[PDB]
Each structure stands twice: as C-alpha cells, then as structure tokens.
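Text of my_file_39.txt (compact mmCIF, N, CA and C atoms) as supplied:
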# COMPACT_ATOMS: atom_id res chain seq x y z
N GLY A 1 0.84 -1.19 0.00
CA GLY A 1 0.00 0.00 0.00
C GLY A 1 0.87 1.24 0.00
N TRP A 2 2.16 1.12 0.30
CA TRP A 2 3.02 2.33 0.33
C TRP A 2 3.28 2.86 -1.08
N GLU A 3 3.50 4.16 -1.14
CA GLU A 3 3.76 4.87 -2.41
C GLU A 3 5.14 4.48 -2.97
N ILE A 4 5.09 4.21 -4.28
CA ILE A 4 6.32 3.84 -5.02
C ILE A 4 6.95 5.10 -5.58
N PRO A 5 8.19 5.37 -5.20
CA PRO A 5 8.85 6.60 -5.65
C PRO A 5 9.09 6.57 -7.13
N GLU A 6 8.94 7.75 -7.70
CA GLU A 6 9.20 7.93 -9.14
C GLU A 6 9.99 9.21 -9.29
N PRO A 7 11.26 9.23 -9.68
CA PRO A 7 12.10 8.09 -10.05
C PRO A 7 12.28 7.19 -8.84
N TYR A 8 12.70 5.98 -9.23
CA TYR A 8 12.85 4.95 -8.13
C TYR A 8 14.15 5.13 -7.38
N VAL A 9 14.12 5.96 -6.37
CA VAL A 9 15.31 6.27 -5.56
C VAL A 9 14.93 6.28 -4.08
N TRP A 10 15.89 5.84 -3.28
CA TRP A 10 15.71 5.84 -1.80
C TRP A 10 15.57 7.30 -1.31
N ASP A 11 14.80 7.48 -0.30
CA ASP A 11 14.63 8.77 0.36
C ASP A 11 14.63 8.51 1.89
N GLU A 12 14.79 9.64 2.61
CA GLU A 12 14.84 9.60 4.09
C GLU A 12 13.63 9.00 4.78
N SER A 13 12.49 8.93 4.07
CA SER A 13 11.27 8.33 4.64
C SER A 13 11.50 6.82 4.84
N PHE A 14 12.49 6.30 4.16
CA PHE A 14 12.86 4.89 4.27
C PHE A 14 13.92 4.58 5.32
N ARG A 15 14.45 5.56 6.02
CA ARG A 15 15.51 5.40 6.99
C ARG A 15 15.19 4.49 8.11
N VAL A 16 16.08 3.55 8.45
CA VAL A 16 15.93 2.66 9.59
C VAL A 16 16.91 3.08 10.71
N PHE A 17 17.82 3.96 10.46
CA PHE A 17 18.71 4.50 11.52
C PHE A 17 19.81 3.55 11.94
N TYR A 18 20.23 2.73 11.03
CA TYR A 18 21.36 1.80 11.20
C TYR A 18 22.16 2.15 9.94
N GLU A 19 23.26 2.87 10.09
CA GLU A 19 23.98 3.33 8.93
C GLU A 19 24.27 2.27 7.94
N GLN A 20 24.69 1.09 8.29
CA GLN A 20 25.02 0.01 7.34
C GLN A 20 23.80 -0.55 6.60
N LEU A 21 22.68 -0.66 7.34
CA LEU A 21 21.46 -1.14 6.70
C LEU A 21 20.94 -0.09 5.76
N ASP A 22 21.02 1.19 6.09
CA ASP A 22 20.52 2.26 5.24
C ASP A 22 21.31 2.29 3.94
N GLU A 23 22.59 2.12 4.08
CA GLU A 23 23.46 2.10 2.82
C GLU A 23 23.10 0.90 1.96
N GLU A 24 22.83 -0.26 2.54
CA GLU A 24 22.44 -1.44 1.78
C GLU A 24 21.12 -1.23 1.09
N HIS A 25 20.18 -0.63 1.81
CA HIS A 25 18.86 -0.27 1.24
C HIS A 25 18.98 0.69 0.08
N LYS A 26 19.80 1.71 0.17
CA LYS A 26 20.06 2.60 -0.97
C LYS A 26 20.60 1.86 -2.18
N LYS A 27 21.48 0.90 -1.97
CA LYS A 27 22.01 0.13 -3.08
C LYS A 27 20.97 -0.79 -3.72
N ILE A 28 20.01 -1.28 -2.97
CA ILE A 28 18.99 -2.16 -3.57
C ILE A 28 18.07 -1.29 -4.44
N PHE A 29 17.72 -0.09 -3.94
CA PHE A 29 16.92 0.85 -4.80
C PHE A 29 17.68 1.12 -6.11
N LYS A 30 18.97 1.42 -5.94
CA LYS A 30 19.82 1.69 -7.16
C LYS A 30 19.92 0.50 -8.07
N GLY A 31 19.95 -0.69 -7.47
CA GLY A 31 20.01 -1.94 -8.24
C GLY A 31 18.81 -2.07 -9.16
N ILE A 32 17.63 -1.80 -8.63
CA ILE A 32 16.37 -1.85 -9.37
C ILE A 32 16.33 -0.69 -10.34
N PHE A 33 16.68 0.51 -9.95
CA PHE A 33 16.71 1.67 -10.89
C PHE A 33 17.61 1.38 -12.11
N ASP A 34 18.72 0.70 -11.91
CA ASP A 34 19.66 0.38 -13.03
C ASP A 34 19.06 -0.65 -13.94
N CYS A 35 18.36 -1.62 -13.40
CA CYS A 35 17.69 -2.63 -14.27
C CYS A 35 16.55 -1.99 -15.09
N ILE A 36 15.97 -0.92 -14.52
CA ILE A 36 14.93 -0.15 -15.21
C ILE A 36 15.54 0.58 -16.42
N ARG A 37 16.65 1.24 -16.20
CA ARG A 37 17.39 1.99 -17.22
C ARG A 37 18.07 1.11 -18.27
N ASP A 38 18.60 -0.01 -17.90
CA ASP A 38 19.38 -0.96 -18.75
C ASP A 38 19.17 -2.37 -18.19
N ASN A 39 18.19 -3.00 -18.84
CA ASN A 39 17.65 -4.33 -18.45
C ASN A 39 18.58 -5.43 -18.95
N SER A 40 19.76 -5.46 -18.35
CA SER A 40 20.81 -6.40 -18.75
C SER A 40 21.10 -7.47 -17.73
N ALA A 41 21.82 -8.49 -18.21
CA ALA A 41 22.24 -9.63 -17.38
C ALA A 41 23.13 -9.15 -16.25
N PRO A 42 24.11 -8.28 -16.49
CA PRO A 42 24.98 -7.77 -15.44
C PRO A 42 24.23 -6.97 -14.38
N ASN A 43 23.25 -6.16 -14.79
CA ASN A 43 22.48 -5.38 -13.78
C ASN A 43 21.62 -6.29 -12.93
N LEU A 44 21.00 -7.31 -13.49
CA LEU A 44 20.17 -8.24 -12.72
C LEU A 44 21.06 -8.98 -11.73
N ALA A 45 22.26 -9.40 -12.20
CA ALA A 45 23.17 -10.16 -11.29
C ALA A 45 23.61 -9.34 -10.10
N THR A 46 23.85 -8.07 -10.34
CA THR A 46 24.23 -7.08 -9.33
C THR A 46 23.07 -6.95 -8.30
N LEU A 47 21.86 -6.86 -8.85
CA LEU A 47 20.72 -6.77 -7.94
C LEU A 47 20.70 -8.00 -7.07
N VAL A 48 20.84 -9.17 -7.60
CA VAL A 48 20.85 -10.42 -6.82
C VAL A 48 21.95 -10.41 -5.77
N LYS A 49 23.13 -9.98 -6.14
CA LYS A 49 24.28 -9.91 -5.24
C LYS A 49 24.10 -8.96 -4.08
N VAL A 50 23.69 -7.72 -4.30
CA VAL A 50 23.50 -6.74 -3.25
C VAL A 50 22.33 -7.19 -2.38
N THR A 51 21.31 -7.80 -2.91
CA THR A 51 20.17 -8.19 -2.03
C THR A 51 20.58 -9.34 -1.15
N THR A 52 21.33 -10.29 -1.65
CA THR A 52 21.83 -11.44 -0.90
C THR A 52 22.68 -10.96 0.27
N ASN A 53 23.59 -10.06 -0.03
CA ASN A 53 24.50 -9.48 1.00
C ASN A 53 23.71 -8.79 2.10
N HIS A 54 22.74 -8.01 1.68
CA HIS A 54 21.85 -7.26 2.59
C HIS A 54 21.11 -8.19 3.52
N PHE A 55 20.46 -9.22 3.00
CA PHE A 55 19.69 -10.17 3.82
C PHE A 55 20.57 -10.85 4.84
N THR A 56 21.78 -11.24 4.46
CA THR A 56 22.73 -11.89 5.34
C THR A 56 23.10 -11.01 6.54
N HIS A 57 23.33 -9.74 6.22
CA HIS A 57 23.71 -8.70 7.14
C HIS A 57 22.57 -8.33 8.09
N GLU A 58 21.39 -8.09 7.57
CA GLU A 58 20.22 -7.72 8.34
C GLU A 58 19.80 -8.85 9.27
N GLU A 59 19.81 -10.09 8.81
CA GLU A 59 19.50 -11.25 9.63
C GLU A 59 20.57 -11.45 10.71
N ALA A 60 21.83 -11.20 10.42
CA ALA A 60 22.90 -11.34 11.42
C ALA A 60 22.66 -10.31 12.50
N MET A 61 22.17 -9.13 12.17
CA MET A 61 21.91 -8.12 13.21
C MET A 61 20.69 -8.49 14.03
N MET A 62 19.66 -9.03 13.45
CA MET A 62 18.42 -9.41 14.08
C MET A 62 18.70 -10.54 15.08
N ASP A 63 19.56 -11.47 14.69
CA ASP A 63 19.98 -12.62 15.49
C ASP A 63 20.80 -12.19 16.70
N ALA A 64 21.74 -11.33 16.44
CA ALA A 64 22.60 -10.82 17.48
C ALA A 64 21.77 -10.14 18.55
N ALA A 65 20.76 -9.39 18.24
CA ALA A 65 19.91 -8.60 19.11
C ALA A 65 18.75 -9.34 19.80
N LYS A 66 18.70 -10.61 19.48
CA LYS A 66 17.70 -11.60 19.87
C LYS A 66 16.33 -10.95 19.60
N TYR A 67 16.25 -10.35 18.39
CA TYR A 67 15.02 -9.66 17.91
C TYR A 67 13.96 -10.75 17.84
N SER A 68 12.77 -10.49 18.35
CA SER A 68 11.69 -11.44 18.49
C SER A 68 10.98 -11.89 17.24
N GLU A 69 11.02 -11.06 16.20
CA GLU A 69 10.28 -11.34 14.98
C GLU A 69 11.10 -11.71 13.81
N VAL A 70 12.24 -12.31 14.10
CA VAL A 70 13.12 -12.72 12.98
C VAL A 70 12.55 -13.88 12.19
N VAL A 71 11.73 -14.82 12.67
CA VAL A 71 11.29 -15.92 11.80
C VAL A 71 10.36 -15.52 10.67
N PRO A 72 9.27 -14.83 10.87
CA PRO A 72 8.47 -14.35 9.76
C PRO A 72 9.32 -13.51 8.78
N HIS A 73 10.24 -12.72 9.28
CA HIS A 73 11.11 -11.82 8.50
C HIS A 73 12.02 -12.59 7.56
N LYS A 74 12.75 -13.54 8.11
CA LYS A 74 13.67 -14.36 7.30
C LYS A 74 12.90 -15.10 6.22
N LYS A 75 11.64 -15.37 6.46
CA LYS A 75 10.83 -16.12 5.48
C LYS A 75 10.49 -15.31 4.26
N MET A 76 10.28 -14.04 4.51
CA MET A 76 9.99 -13.04 3.48
C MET A 76 11.25 -12.80 2.64
N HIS A 77 12.40 -12.76 3.27
CA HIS A 77 13.68 -12.53 2.59
C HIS A 77 14.03 -13.70 1.66
N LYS A 78 13.83 -14.91 2.19
CA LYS A 78 14.09 -16.17 1.50
C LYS A 78 13.23 -16.30 0.27
N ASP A 79 11.98 -15.94 0.33
CA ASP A 79 11.02 -15.93 -0.74
C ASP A 79 11.37 -14.95 -1.87
N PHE A 80 11.82 -13.76 -1.47
CA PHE A 80 12.24 -12.73 -2.44
C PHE A 80 13.51 -13.23 -3.11
N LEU A 81 14.48 -13.80 -2.46
CA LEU A 81 15.71 -14.32 -3.08
C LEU A 81 15.43 -15.44 -4.08
N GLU A 82 14.45 -16.23 -3.72
CA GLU A 82 14.01 -17.37 -4.56
C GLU A 82 13.49 -16.84 -5.88
N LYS A 83 12.68 -15.81 -5.81
CA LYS A 83 12.07 -15.11 -6.93
C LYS A 83 13.05 -14.40 -7.87
N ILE A 84 13.90 -13.51 -7.38
CA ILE A 84 14.85 -12.79 -8.22
C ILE A 84 15.96 -13.69 -8.70
N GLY A 85 16.25 -14.70 -7.94
CA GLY A 85 17.27 -15.74 -8.20
C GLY A 85 16.95 -16.53 -9.46
N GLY A 86 15.67 -16.61 -9.75
CA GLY A 86 15.11 -17.26 -10.90
C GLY A 86 14.86 -16.45 -12.14
N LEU A 87 14.95 -15.14 -12.15
CA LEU A 87 14.74 -14.27 -13.26
C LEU A 87 15.99 -14.32 -14.19
N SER A 88 15.66 -13.87 -15.40
CA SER A 88 16.68 -13.78 -16.46
C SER A 88 16.45 -12.44 -17.16
N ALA A 89 17.47 -11.82 -17.65
CA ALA A 89 17.36 -10.53 -18.36
C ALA A 89 16.99 -10.73 -19.83
N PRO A 90 16.17 -9.94 -20.51
CA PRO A 90 15.53 -8.76 -19.91
C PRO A 90 14.38 -9.24 -19.03
N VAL A 91 14.36 -8.60 -17.82
CA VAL A 91 13.28 -8.95 -16.89
C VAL A 91 11.96 -8.45 -17.50
N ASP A 92 10.92 -9.26 -17.41
CA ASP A 92 9.65 -8.67 -17.97
C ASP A 92 9.10 -7.56 -17.09
N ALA A 93 8.33 -6.71 -17.72
CA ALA A 93 7.73 -5.55 -17.07
C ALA A 93 6.94 -5.83 -15.81
N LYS A 94 6.24 -6.95 -15.72
CA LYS A 94 5.45 -7.34 -14.56
C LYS A 94 6.34 -7.68 -13.40
N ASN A 95 7.46 -8.30 -13.62
CA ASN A 95 8.42 -8.63 -12.53
C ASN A 95 9.23 -7.40 -12.07
N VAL A 96 9.49 -6.43 -12.93
CA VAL A 96 10.20 -5.22 -12.53
C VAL A 96 9.23 -4.51 -11.59
N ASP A 97 7.95 -4.48 -11.96
CA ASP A 97 6.98 -3.80 -11.07
C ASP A 97 6.85 -4.47 -9.74
N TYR A 98 6.91 -5.77 -9.72
CA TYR A 98 6.81 -6.65 -8.56
C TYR A 98 7.98 -6.31 -7.63
N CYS A 99 9.17 -6.14 -8.19
CA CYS A 99 10.37 -5.82 -7.44
C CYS A 99 10.30 -4.41 -6.86
N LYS A 100 9.82 -3.46 -7.63
CA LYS A 100 9.68 -2.10 -7.17
C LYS A 100 8.76 -2.02 -5.97
N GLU A 101 7.63 -2.66 -6.07
CA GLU A 101 6.66 -2.70 -5.00
C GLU A 101 7.06 -3.50 -3.78
N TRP A 102 7.70 -4.65 -3.97
CA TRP A 102 8.20 -5.56 -2.98
C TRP A 102 9.16 -4.85 -2.02
N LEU A 103 10.15 -4.15 -2.55
CA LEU A 103 11.15 -3.46 -1.71
C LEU A 103 10.50 -2.41 -0.84
N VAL A 104 9.68 -1.59 -1.45
CA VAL A 104 8.97 -0.50 -0.75
C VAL A 104 8.17 -1.01 0.43
N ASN A 105 7.40 -2.05 0.18
CA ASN A 105 6.55 -2.70 1.21
C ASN A 105 7.35 -3.51 2.21
N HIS A 106 8.47 -4.10 1.83
CA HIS A 106 9.31 -4.84 2.74
C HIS A 106 9.98 -3.89 3.75
N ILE A 107 10.46 -2.77 3.27
CA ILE A 107 11.12 -1.86 4.16
C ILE A 107 10.18 -1.18 5.17
N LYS A 108 9.12 -0.58 4.60
CA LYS A 108 8.19 0.17 5.51
C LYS A 108 7.29 -0.69 6.36
N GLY A 109 6.96 -1.89 5.85
CA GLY A 109 6.07 -2.81 6.57
C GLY A 109 6.79 -3.81 7.45
N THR A 110 8.02 -4.19 7.21
CA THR A 110 8.70 -5.21 8.00
C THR A 110 10.00 -4.75 8.57
N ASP A 111 10.88 -4.15 7.78
CA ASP A 111 12.20 -3.71 8.36
C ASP A 111 11.93 -2.65 9.44
N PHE A 112 10.89 -1.87 9.22
CA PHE A 112 10.53 -0.76 10.14
C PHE A 112 10.23 -1.30 11.52
N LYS A 113 9.84 -2.55 11.60
CA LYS A 113 9.57 -3.07 12.98
C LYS A 113 10.77 -3.18 13.85
N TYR A 114 11.98 -3.29 13.28
CA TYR A 114 13.22 -3.46 14.06
C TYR A 114 13.81 -2.09 14.40
N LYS A 115 13.24 -0.98 13.98
CA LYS A 115 13.87 0.31 14.36
C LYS A 115 13.99 0.42 15.89
N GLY A 116 15.20 0.69 16.35
CA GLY A 116 15.46 0.85 17.83
C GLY A 116 15.57 -0.47 18.58
N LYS A 117 15.46 -1.61 17.95
CA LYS A 117 15.47 -2.92 18.53
C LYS A 117 16.73 -3.73 18.31
N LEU A 118 17.63 -3.26 17.42
CA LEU A 118 18.85 -3.96 17.07
C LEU A 118 20.04 -3.51 17.95

Would you encode the structure as structure tokens?
Amino acid sequence: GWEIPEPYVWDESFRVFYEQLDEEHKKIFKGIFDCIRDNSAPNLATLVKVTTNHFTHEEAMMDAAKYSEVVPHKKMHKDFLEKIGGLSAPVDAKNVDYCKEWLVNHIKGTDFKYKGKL
C-alpha cells in the first residue's frame, strides 16, 4: 500500500537509523533503478548480489539482538531471493513492477519493525 517513488530512488522516509542497513537499502533501490534503465544480465546479477548481501547482514543483526520477529522476517527474505534468483534478463515488465513494489513494502512494513530494537 506504500507509495512507489518515481524516479525509483531511496529517500529519508525509508531510513531505519542503522547506517550500514541504510546504505544497503540505498544500493537495492539503485540496483532496481539500473535494471529499469538498462535491463541487462549484469544489472540483474548485481541486484541479486547486493540483495543477498543485505539479507545476510540484516538477519545477522536481528539474530545478534535476539530480535523477536526474525522468523516471519527471514521467510519473506528467503522468498524474495528465490524469486529474483530465478529471473533472467531482460526482466519482464510485470516482474520489474513486482520488485519495485516488494522493496517498498518490505522496508516500511517489515524492516521498520526493528527500528530501535537492534
């Protein structure tokens, strides 16, 4: 239900207040923006790589903090990796939209729950 930025770029409304997570989030927005601009195999692979790194990092912080809601969270991450992991360039228009919307809703609806808890 959250608004999708146009152009697709991270903004302060998305801040989680963990400098490393915020930088990772900015790179995932950029990853998707680059696939929008140039729907190539290298850009899709980059998106897969930065998202994988991000999930590993965010889950390691959630674990360390004995954050209570890490199981539903990790399930959402695993599902998204499964999905983008399976795409091939050029990504079709319906899946680019799916990715644009997915990130926006994942950050504001789920990552936002860990603000101040890590």

Computed interatomic separation between CA of residue 91 in chain A and CA of residue 39 in chain A (Å) = 6.5 Å

Residue nearest residue 46 in chain A - candidates A:62, A:28, A:103, A:16, atoms counted: all atoms listed in the file =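 Selected residue with least distance to residue 46 in chain A: A:28.
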
query = Near residue 115 in chain A, counting all atoms listed in the file, which residues have an atom at most 7 Å away, once you skip same-chain residues fewer than 3 positions from it, shown as a ChimeraX atom specification?
reply = /A:16-17,111-112,118

request  = Could you give me the residues within chain A that DSSP places in helix (DSSP H, G or I), as an MDAnalysis selection string?
outcome  = chainID A and resid 12:14 19:37 41:64 70:85 93:109 111:114

ask   = Quick one: of A:23, A:14, A:66, A:44, who's nearest to residue 87 in chain A, counting only N, CA and C atoms?
value = A:44
